[PDB]
file work00.tsv (TSV, N, CA and C atoms)
chain	number	residue	atom	x	y	z
C	22	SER	N	43.66	12.16	-5.64
C	22	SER	CA	43.63	13.14	-4.57
C	22	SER	C	44.86	13.00	-3.69
C	23	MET	N	45.18	14.06	-2.95
C	23	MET	CA	46.33	14.03	-2.07
C	23	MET	C	46.07	13.09	-0.89
C	24	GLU	N	44.83	13.06	-0.42
C	24	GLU	CA	44.46	12.19	0.69
C	24	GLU	C	44.71	10.71	0.32
C	25	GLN	N	44.34	10.34	-0.90
C	25	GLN	CA	44.56	8.96	-1.36
C	25	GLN	C	46.04	8.61	-1.37
C	26	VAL	N	46.87	9.52	-1.86
C	26	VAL	CA	48.33	9.34	-1.84
C	26	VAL	C	48.89	9.17	-0.42
C	27	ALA	N	48.39	9.96	0.52
C	27	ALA	CA	48.85	9.87	1.90
C	27	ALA	C	48.48	8.52	2.51
C	28	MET	N	47.27	8.05	2.22
C	28	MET	CA	46.83	6.73	2.66
C	28	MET	C	47.70	5.65	2.04
C	29	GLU	N	48.08	5.84	0.78
C	29	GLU	CA	48.92	4.86	0.09
C	29	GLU	C	50.33	4.84	0.68
C	30	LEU	N	50.81	5.99	1.14
C	30	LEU	CA	52.13	6.04	1.77
C	30	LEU	C	52.11	5.31	3.11
C	31	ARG	N	51.00	5.42	3.83
C	31	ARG	CA	50.84	4.75	5.11
C	31	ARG	C	50.85	3.23	4.90
C	32	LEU	N	50.14	2.77	3.88
C	32	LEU	CA	50.13	1.35	3.53
C	32	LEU	C	51.53	0.85	3.16
C	33	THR	N	52.26	1.67	2.41
C	33	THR	CA	53.62	1.32	2.01
C	33	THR	C	54.52	1.23	3.23
C	34	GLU	N	54.34	2.15	4.16
C	34	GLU	CA	55.09	2.13	5.41
C	34	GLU	C	54.77	0.89	6.24
C	35	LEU	N	53.48	0.56	6.32
C	35	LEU	CA	53.06	-0.63	7.07
C	35	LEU	C	53.69	-1.88	6.46
C	36	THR	N	53.69	-1.93	5.13
C	36	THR	CA	54.25	-3.07	4.40
C	36	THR	C	55.74	-3.23	4.69
C	37	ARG	N	56.47	-2.11	4.77
C	37	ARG	CA	57.88	-2.16	5.15
C	37	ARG	C	58.09	-2.76	6.55
C	38	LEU	N	57.28	-2.32	7.51
C	38	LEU	CA	57.39	-2.85	8.88
C	38	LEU	C	57.02	-4.33	8.92
C	39	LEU	N	55.96	-4.71	8.22
C	39	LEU	CA	55.51	-6.11	8.21
C	39	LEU	C	56.53	-7.02	7.53
C	40	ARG	N	57.24	-6.49	6.55
C	40	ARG	CA	58.29	-7.28	5.91
C	40	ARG	C	59.39	-7.60	6.91
C	41	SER	N	59.75	-6.62	7.73
C	41	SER	CA	60.72	-6.84	8.80
C	41	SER	C	60.18	-7.87	9.80
C	42	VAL	N	58.93	-7.70	10.20
C	42	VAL	CA	58.30	-8.65	11.11
C	42	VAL	C	58.31	-10.06	10.51
C	43	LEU	N	57.95	-10.18	9.23
C	43	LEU	CA	57.88	-11.48	8.59
C	43	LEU	C	59.26	-12.15	8.55
C	44	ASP	N	60.30	-11.36	8.31
C	44	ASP	CA	61.64	-11.91	8.28
C	44	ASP	C	62.04	-12.44	9.65
C	45	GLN	N	61.69	-11.71	10.70
C	45	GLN	CA	62.02	-12.12	12.05
C	45	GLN	C	61.26	-13.38	12.46
C	46	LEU	N	59.99	-13.45	12.08
C	46	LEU	CA	59.19	-14.63	12.39
C	46	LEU	C	59.72	-15.87	11.67
C	47	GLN	N	60.09	-15.71	10.41
C	47	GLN	CA	60.55	-16.85	9.63
C	47	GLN	C	61.91	-17.35	10.13
C	48	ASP	N	62.67	-16.47	10.78
C	48	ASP	CA	63.94	-16.89	11.37
C	48	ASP	C	63.73	-17.86	12.53
C	49	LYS	N	62.52	-17.87	13.08
C	49	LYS	CA	62.18	-18.76	14.18
C	49	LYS	C	61.71	-20.12	13.68
C	50	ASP	N	61.83	-20.32	12.36
C	50	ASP	CA	61.53	-21.60	11.70
C	50	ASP	C	62.77	-22.05	10.95
C	51	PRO	N	63.83	-22.39	11.69
C	51	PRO	CA	65.09	-22.66	11.00
C	51	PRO	C	65.03	-23.94	10.16
C	52	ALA	N	64.10	-24.83	10.47
C	52	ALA	CA	63.94	-26.06	9.68
C	52	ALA	C	63.17	-25.85	8.37
C	53	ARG	N	62.62	-24.64	8.19
C	53	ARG	CA	61.81	-24.27	7.02
C	53	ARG	C	60.60	-25.19	6.82
C	54	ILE	N	60.04	-25.64	7.94
C	54	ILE	CA	58.84	-26.47	7.92
C	54	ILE	C	57.63	-25.70	7.38
C	55	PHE	N	57.62	-24.39	7.61
C	55	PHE	CA	56.48	-23.55	7.22
C	55	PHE	C	56.76	-22.62	6.04
C	56	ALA	N	57.87	-22.87	5.35
C	56	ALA	CA	58.32	-22.01	4.27
C	56	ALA	C	57.42	-22.04	3.04
C	57	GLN	N	56.82	-23.19	2.75
C	57	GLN	CA	56.07	-23.39	1.51
C	57	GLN	C	54.69	-24.00	1.78
C	58	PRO	N	53.75	-23.86	0.82
C	58	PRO	CA	52.46	-24.52	1.07
C	58	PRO	C	52.60	-26.04	1.12
C	59	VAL	N	51.77	-26.67	1.94
C	59	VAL	CA	51.68	-28.11	1.96
C	59	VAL	C	51.29	-28.59	0.56
C	60	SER	N	52.07	-29.53	0.02
C	60	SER	CA	51.85	-30.04	-1.33
C	60	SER	C	50.67	-31.01	-1.41
C	61	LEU	N	49.72	-30.72	-2.30
C	61	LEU	CA	48.55	-31.58	-2.43
C	61	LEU	C	48.90	-32.85	-3.19
C	62	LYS	N	50.06	-32.87	-3.82
C	62	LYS	CA	50.55	-34.10	-4.43
C	62	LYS	C	51.06	-35.06	-3.36
C	63	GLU	N	51.71	-34.51	-2.34
C	63	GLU	CA	52.30	-35.33	-1.28
C	63	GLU	C	51.35	-35.56	-0.09
C	64	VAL	N	50.39	-34.67	0.09
C	64	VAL	CA	49.35	-34.85	1.10
C	64	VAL	C	47.99	-34.63	0.43
C	65	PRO	N	47.52	-35.63	-0.34
C	65	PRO	CA	46.35	-35.42	-1.18
C	65	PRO	C	45.06	-35.11	-0.41
C	66	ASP	N	44.96	-35.52	0.85
C	66	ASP	CA	43.73	-35.30	1.61
C	66	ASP	C	43.75	-34.02	2.43
C	67	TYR	N	44.76	-33.18	2.23
C	67	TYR	CA	44.98	-32.06	3.15
C	67	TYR	C	43.77	-31.12	3.26
C	68	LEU	N	43.13	-30.83	2.13
C	68	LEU	CA	42.04	-29.86	2.13
C	68	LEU	C	40.78	-30.44	2.77
C	69	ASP	N	40.73	-31.76	2.94
C	69	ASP	CA	39.64	-32.37	3.71
C	69	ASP	C	39.78	-32.00	5.18
C	70	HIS	N	41.01	-31.71	5.60
C	70	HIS	CA	41.30	-31.45	7.01
C	70	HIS	C	41.36	-29.96	7.30
C	71	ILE	N	42.09	-29.26	6.45
C	71	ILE	CA	42.43	-27.86	6.65
C	71	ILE	C	41.76	-27.01	5.59
C	72	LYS	N	40.88	-26.11	6.01
C	72	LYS	CA	40.08	-25.35	5.06
C	72	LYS	C	40.75	-24.09	4.54
C	73	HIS	N	41.70	-23.55	5.31
C	73	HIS	CA	42.43	-22.37	4.89
C	73	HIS	C	43.93	-22.54	5.12
C	74	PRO	N	44.60	-23.26	4.21
C	74	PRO	CA	46.06	-23.45	4.28
C	74	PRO	C	46.80	-22.13	4.27
C	75	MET	N	47.96	-22.09	4.92
C	75	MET	CA	48.78	-20.89	4.90
C	75	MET	C	50.24	-21.29	5.09
C	76	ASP	N	51.15	-20.43	4.66
C	76	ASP	CA	52.59	-20.67	4.75
C	76	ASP	C	53.33	-19.35	4.54
C	77	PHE	N	54.63	-19.33	4.80
C	77	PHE	CA	55.38	-18.07	4.71
C	77	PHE	C	55.50	-17.54	3.27
C	78	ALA	N	55.65	-18.42	2.29
C	78	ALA	CA	55.75	-17.98	0.91
C	78	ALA	C	54.47	-17.27	0.46
C	79	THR	N	53.33	-17.84	0.83
C	79	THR	CA	52.03	-17.27	0.49
C	79	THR	C	51.81	-15.93	1.19
C	80	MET	N	52.22	-15.81	2.46
C	80	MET	CA	52.15	-14.52	3.16
C	80	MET	C	53.02	-13.48	2.45
C	81	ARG	N	54.20	-13.91	2.02
C	81	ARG	CA	55.15	-12.99	1.40
C	81	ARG	C	54.58	-12.45	0.09
C	82	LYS	N	53.87	-13.29	-0.65
C	82	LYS	CA	53.22	-12.86	-1.89
C	82	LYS	C	52.16	-11.79	-1.62
C	83	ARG	N	51.32	-12.03	-0.62
C	83	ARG	CA	50.28	-11.07	-0.25
C	83	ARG	C	50.91	-9.77	0.26
C	84	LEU	N	51.99	-9.89	1.01
C	84	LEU	CA	52.69	-8.73	1.55
C	84	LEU	C	53.24	-7.82	0.45
C	85	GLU	N	53.92	-8.41	-0.53
C	85	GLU	CA	54.55	-7.63	-1.58
C	85	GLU	C	53.53	-6.99	-2.52
C	86	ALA	N	52.29	-7.48	-2.47
C	86	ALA	CA	51.20	-6.85	-3.19
C	86	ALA	C	50.48	-5.84	-2.30
C	87	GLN	N	51.11	-5.51	-1.17
C	87	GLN	CA	50.51	-4.63	-0.16
C	87	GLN	C	49.11	-5.07	0.23
C	88	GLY	N	48.92	-6.37	0.41
C	88	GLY	CA	47.61	-6.93	0.69
C	88	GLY	C	47.22	-7.03	2.16
C	89	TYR	N	48.10	-6.60	3.06
C	89	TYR	CA	47.75	-6.52	4.48
C	89	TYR	C	47.45	-5.07	4.87
C	90	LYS	N	46.19	-4.79	5.18
C	90	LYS	CA	45.76	-3.41	5.45
C	90	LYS	C	46.06	-2.98	6.88
C	91	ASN	N	46.27	-3.95	7.76
C	91	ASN	CA	46.57	-3.69	9.16
C	91	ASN	C	47.30	-4.88	9.76
C	92	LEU	N	47.82	-4.73	10.98
C	92	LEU	CA	48.57	-5.82	11.61
C	92	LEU	C	47.67	-7.02	11.90
C	93	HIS	N	46.41	-6.77	12.25
C	93	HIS	CA	45.50	-7.86	12.57
C	93	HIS	C	45.40	-8.88	11.43
C	94	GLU	N	45.30	-8.39	10.20
C	94	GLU	CA	45.18	-9.28	9.04
C	94	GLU	C	46.43	-10.15	8.88
C	95	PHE	N	47.59	-9.54	9.12
C	95	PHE	CA	48.87	-10.23	9.06
C	95	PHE	C	48.92	-11.32	10.14
C	96	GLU	N	48.54	-10.95	11.36
C	96	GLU	CA	48.54	-11.91	12.46
C	96	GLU	C	47.59	-13.08	12.22
C	97	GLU	N	46.45	-12.81	11.59
C	97	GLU	CA	45.50	-13.86	11.25
C	97	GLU	C	46.17	-14.94	10.41
C	98	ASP	N	46.93	-14.50	9.40
C	98	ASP	CA	47.60	-15.45	8.50
C	98	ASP	C	48.70	-16.20	9.24
C	99	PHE	N	49.45	-15.50	10.10
C	99	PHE	CA	50.48	-16.18	10.88
C	99	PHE	C	49.87	-17.24	11.80
C	100	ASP	N	48.77	-16.89	12.46
C	100	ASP	CA	48.10	-17.86	13.33
C	100	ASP	C	47.58	-19.08	12.56
C	101	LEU	N	47.16	-18.89	11.31
C	101	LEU	CA	46.73	-20.01	10.47
C	101	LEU	C	47.87	-21.00	10.27
C	102	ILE	N	49.08	-20.49	10.05
C	102	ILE	CA	50.23	-21.38	9.85
C	102	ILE	C	50.38	-22.32	11.05
C	103	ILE	N	50.36	-21.72	12.24
C	103	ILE	CA	50.53	-22.46	13.48
C	103	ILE	C	49.32	-23.36	13.79
C	104	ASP	N	48.13	-22.79	13.71
C	104	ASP	CA	46.93	-23.53	14.08
C	104	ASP	C	46.62	-24.70	13.15
C	105	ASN	N	46.84	-24.53	11.85
C	105	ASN	CA	46.64	-25.62	10.88
C	105	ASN	C	47.54	-26.80	11.23
C	106	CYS	N	48.80	-26.48	11.49
C	106	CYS	CA	49.80	-27.50	11.81
C	106	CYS	C	49.45	-28.26	13.09
C	107	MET	N	48.99	-27.54	14.11
C	107	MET	CA	48.71	-28.19	15.39
C	107	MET	C	47.43	-29.01	15.33
C	108	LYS	N	46.63	-28.83	14.28
C	108	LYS	CA	45.47	-29.69	14.10
C	108	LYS	C	45.81	-30.93	13.28
C	109	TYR	N	46.49	-30.75	12.15
C	109	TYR	CA	46.79	-31.86	11.24
C	109	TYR	C	47.78	-32.84	11.84
C	110	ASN	N	48.76	-32.31	12.57
C	110	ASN	CA	49.82	-33.14	13.12
C	110	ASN	C	49.64	-33.42	14.61
C	111	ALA	N	50.03	-34.61	15.06
C	111	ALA	CA	49.90	-34.96	16.47
C	111	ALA	C	51.00	-34.34	17.35
C	112	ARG	N	50.77	-34.31	18.66
C	112	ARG	CA	51.73	-33.71	19.60
C	112	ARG	C	53.14	-34.29	19.57
C	113	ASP	N	53.26	-35.56	19.21
C	113	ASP	CA	54.55	-36.23	19.26
C	113	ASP	C	55.32	-36.10	17.94
C	114	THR	N	55.00	-35.10	17.13
C	114	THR	CA	55.67	-34.95	15.84
C	114	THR	C	56.56	-33.73	15.78
C	115	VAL	N	57.57	-33.81	14.91
C	115	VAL	CA	58.48	-32.69	14.72
C	115	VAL	C	57.72	-31.47	14.16
C	116	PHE	N	56.65	-31.71	13.41
C	116	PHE	CA	55.84	-30.63	12.85
C	116	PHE	C	55.10	-29.84	13.94
C	117	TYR	N	54.37	-30.55	14.79
C	117	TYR	CA	53.61	-29.90	15.86
C	117	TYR	C	54.56	-29.13	16.78
C	118	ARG	N	55.68	-29.76	17.12
C	118	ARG	CA	56.60	-29.15	18.07
C	118	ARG	C	57.23	-27.90	17.46
C	119	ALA	N	57.45	-27.92	16.15
C	119	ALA	CA	58.00	-26.75	15.47
C	119	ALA	C	57.01	-25.59	15.53
C	120	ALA	N	55.74	-25.90	15.37
C	120	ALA	CA	54.71	-24.87	15.43
C	120	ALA	C	54.63	-24.26	16.83
C	121	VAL	N	54.75	-25.09	17.87
C	121	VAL	CA	54.70	-24.58	19.24
C	121	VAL	C	55.84	-23.59	19.48
C	122	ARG	N	57.04	-23.95	19.02
C	122	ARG	CA	58.21	-23.10	19.18
C	122	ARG	C	58.11	-21.81	18.37
C	123	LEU	N	57.57	-21.91	17.15
C	123	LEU	CA	57.32	-20.72	16.33
C	123	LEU	C	56.32	-19.77	16.99
C	124	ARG	N	55.23	-20.32	17.53
C	124	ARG	CA	54.24	-19.51	18.22
C	124	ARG	C	54.85	-18.81	19.43
C	125	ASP	N	55.62	-19.54	20.22
C	125	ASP	CA	56.17	-18.98	21.46
C	125	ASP	C	57.17	-17.87	21.16
C	126	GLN	N	58.09	-18.14	20.24
C	126	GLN	CA	59.13	-17.17	19.91
C	126	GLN	C	58.58	-16.00	19.10
C	127	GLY	N	57.57	-16.28	18.29
C	127	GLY	CA	56.98	-15.26	17.45
C	127	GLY	C	56.16	-14.25	18.25
C	128	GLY	N	55.59	-14.71	19.36
C	128	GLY	CA	54.77	-13.86	20.21
C	128	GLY	C	55.55	-12.65	20.68
C	129	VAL	N	56.81	-12.88	21.03
C	129	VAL	CA	57.72	-11.83	21.44
C	129	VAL	C	57.85	-10.74	20.37
C	130	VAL	N	58.06	-11.17	19.13
C	130	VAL	CA	58.19	-10.28	17.99
C	130	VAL	C	56.90	-9.49	17.75
C	131	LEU	N	55.77	-10.20	17.76
C	131	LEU	CA	54.49	-9.57	17.47
C	131	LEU	C	54.06	-8.60	18.55
C	132	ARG	N	54.50	-8.85	19.78
C	132	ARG	CA	54.20	-7.95	20.89
C	132	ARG	C	54.77	-6.56	20.62
C	133	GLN	N	56.03	-6.49	20.19
C	133	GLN	CA	56.65	-5.20	19.96
C	133	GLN	C	56.19	-4.59	18.63
C	134	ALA	N	55.84	-5.44	17.66
C	134	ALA	CA	55.32	-4.95	16.38
C	134	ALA	C	54.02	-4.18	16.58
C	135	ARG	N	53.16	-4.68	17.46
C	135	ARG	CA	51.90	-4.00	17.77
C	135	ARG	C	52.17	-2.62	18.37
C	136	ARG	N	53.15	-2.54	19.27
C	136	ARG	CA	53.50	-1.25	19.84
C	136	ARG	C	53.95	-0.28	18.76
C	137	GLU	N	54.79	-0.75	17.83
C	137	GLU	CA	55.32	0.10	16.77
C	137	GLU	C	54.25	0.58	15.79
C	138	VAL	N	53.29	-0.29	15.49
C	138	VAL	CA	52.22	0.07	14.57
C	138	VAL	C	51.34	1.14	15.20
C	139	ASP	N	50.99	0.95	16.47
C	139	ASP	CA	50.22	1.94	17.22
C	139	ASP	C	50.98	3.25	17.38
C	140	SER	N	52.23	3.15	17.81
C	140	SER	CA	53.06	4.32	18.08
C	140	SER	C	53.22	5.22	16.86
C	141	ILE	N	53.68	4.65	15.75
C	141	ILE	CA	53.92	5.43	14.54
C	141	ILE	C	52.62	5.72	13.78
C	142	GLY	N	51.56	5.00	14.13
C	142	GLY	CA	50.25	5.20	13.52
C	142	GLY	C	50.18	4.74	12.07
C	143	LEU	N	50.38	3.44	11.86
C	143	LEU	CA	50.51	2.90	10.50
C	143	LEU	C	49.24	2.25	9.95
C	144	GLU	N	48.14	2.34	10.69
C	144	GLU	CA	46.89	1.72	10.24
C	144	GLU	C	45.67	2.54	10.67

call {"tool": "encode", "arguments": {"input": "work00.tsv", "output": "structure tokens"}}
result
Amino acid sequence: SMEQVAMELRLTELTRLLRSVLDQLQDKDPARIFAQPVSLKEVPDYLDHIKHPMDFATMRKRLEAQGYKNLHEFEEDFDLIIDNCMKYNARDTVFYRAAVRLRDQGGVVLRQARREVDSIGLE
């Protein structure tokens, strides 16, 4: 149907905007601490601690499959990256501090992304 196609175009448009958002957020992680999933070979007990691991590579895979239906779903995954890290790692670590800086700088980006999604009507 034509309606289905129009909905699919909206999803494609949203995916384009979220790809831009994801690139901007990942730029705020210059150490690439959050670039890849935590390795279960190197941290064998990780899943005992963290029930829903997340990272930028995994978000990017879901994004390119157009798997984010709205900005909220995207933000949920981004918050997992930060929140998982701030639980597993202590305050005095380079990991925790990187997450704090990513959250603070990323908030700025996500603030304007929400305006753009609402404004252009992408969800």

call {"tool": "closest_residue", "arguments": {"input": "work00.tsv", "among": "C:23, C:123, C:103, C:32", "to": "residue 90 of chain C", "atoms": "all atoms listed in the file"}}
result
C:32

call {"tool": "closest_residue", "arguments": {"input": "work00.tsv", "among": "C:60, C:36, C:91, C:105", "to": "residue 135 of chain C", "atoms": "only C-alpha atoms"}}
result
C:91

call {"tool": "atom_distance", "arguments": {"input": "work00.tsv", "atom1": "atom CA of residue 28 of chain C", "atom2": "atom CA of residue 100 of chain C"}}
result
26.8 Å

call {"tool": "atom_distance", "arguments": {"input": "work00.tsv", "atom1": "atom N of residue 83 of chain C", "atom2": "atom N of residue 22 of chain C"}}
result
25.9 Å

call {"tool": "closest_residue", "arguments": {"input": "work00.tsv", "among": "C:69, C:122, C:92, C:113", "to": "residue 35 of chain C", "atoms": "all atoms listed in the file"}}
result
C:92

call {"tool": "closest_residue", "arguments": {"input": "work00.tsv", "among": "C:81, C:142, C:137, C:110", "to": "residue 43 of chain C", "atoms": "only N, CA and C atoms"}}
result
C:81

call {"tool": "residues_around", "arguments": {"input": "work00.tsv", "residues": "residue 134 of chain C", "least_positions_apart": "5", "cutoff": "10 Å", "atoms": "only C-alpha atoms", "output": "ChimeraX atom specification"}}
result
/C:38-39,41-42,92,128-129,139-140

call {"tool": "atom_distance", "arguments": {"input": "work00.tsv", "atom1": "atom CA of residue 67 of chain C", "atom2": "atom C of residue 112 of chain C"}}
result
18.5 Å

call {"tool": "closest_residue", "arguments": {"input": "work00.tsv", "among": "C:79, C:25, C:33, C:133", "to": "residue 101 of chain C", "atoms": "only C-alpha atoms"}}
result
C:79

call {"tool": "closest_residue", "arguments": {"input": "work00.tsv", "among": "C:98, C:31, C:121, C:127", "to": "residue 84 of chain C", "atoms": "only C-alpha atoms"}}
result
C:98

call {"tool": "select_by_dssp", "arguments": {"input": "work00.tsv", "residues": "chain C", "states": "alpha helix (DSSP H)", "output": "PyMOL selection string"}}
result
chain C and resi 23-47+67-70+77-85+92-109+115-141
